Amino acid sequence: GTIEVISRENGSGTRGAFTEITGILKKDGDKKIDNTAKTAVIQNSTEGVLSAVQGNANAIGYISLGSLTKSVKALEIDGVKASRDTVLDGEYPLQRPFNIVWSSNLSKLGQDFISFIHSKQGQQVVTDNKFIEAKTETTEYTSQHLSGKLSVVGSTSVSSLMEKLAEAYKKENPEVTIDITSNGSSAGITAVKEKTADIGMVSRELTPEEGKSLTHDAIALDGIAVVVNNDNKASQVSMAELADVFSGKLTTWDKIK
């Protein structure tokens, strides 16, 4: 039958990542065109995508990998099954890093917060919040019961996870205030360079120009699962087919072997 493409709402960080990685979001200069199928219906959240795909035998959608449940089926992409292991070793291609960025301006307090994020406790916040931990080496954190304010600015996609990390840190450092500003990766990089943010949040690789004078560090890997209804006999798609389906070029399930 006819493929029912489920898209996330305009401005969604997951939509931005998905369309960029699959090449559906093309730049013909400094103007980006989102080629998402014009027939695609919209869901406003991960829960909404899950409900729509579980509720319709012909539907396909995309969600954060950590949100995958038995109520839907994740497709293999290029014959690779989405998992902690295939995201970590780079076999699974629908993934993006959650980077934090800082400069030589990073305060002692900012450095203590980075140490917490790098610690066994910090890594546990990441995995408990269902993201993948890229780091294999772990350090111990002991609170200095510091005081002061931190400004963390950038990607909306990293904001929720940053909030969880700030909560766990403030439990150990009650006199530390952490402000998290969600705007975008480019605004976060600029804020760090302009010294208006202590730490920036970037949900993609930095360009050579952006990286100048900065250090970046992946605090998490965010995989994206392409999900279908459990009734769907299809189990794998190529990256070409994936882009064809979500751009509305391939519209029937019989074309997917």
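All residue numbers refer to positions in the sequence shown, first residue = 1.
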- Averaged over C-alpha atoms, is the B-factor higher for 105-113 or for 67-75 in this PDB entry? 67-75
- Query: What stretch has the higher average Cα B-factor here, 42-50 or 22-30?
  - Reply: 22-30
- Please pick out which of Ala166, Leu94, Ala134, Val152 has the largest Cα B-factor as recorded in the entry. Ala134
- Compare the C-alpha B factor of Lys130 with those of the other modelled residues in its chain, then answer lowest, middle or highest third. lowest
- Task: Could you say whether, by C-alpha temperature factor, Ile180 belongs to the lowest, middle or highest third of its chain?
- Result: lowest
- Third of the chain, ranked by Cα B-factor, where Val87 sits: middle
- Message: Using the temperature factors of the C-alpha atoms in this entry, rank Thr196 within its chain: lowest, middle or highest third.
- Response: highest
- For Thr156, the third of its chain into which the C-alpha B factor falls: middle
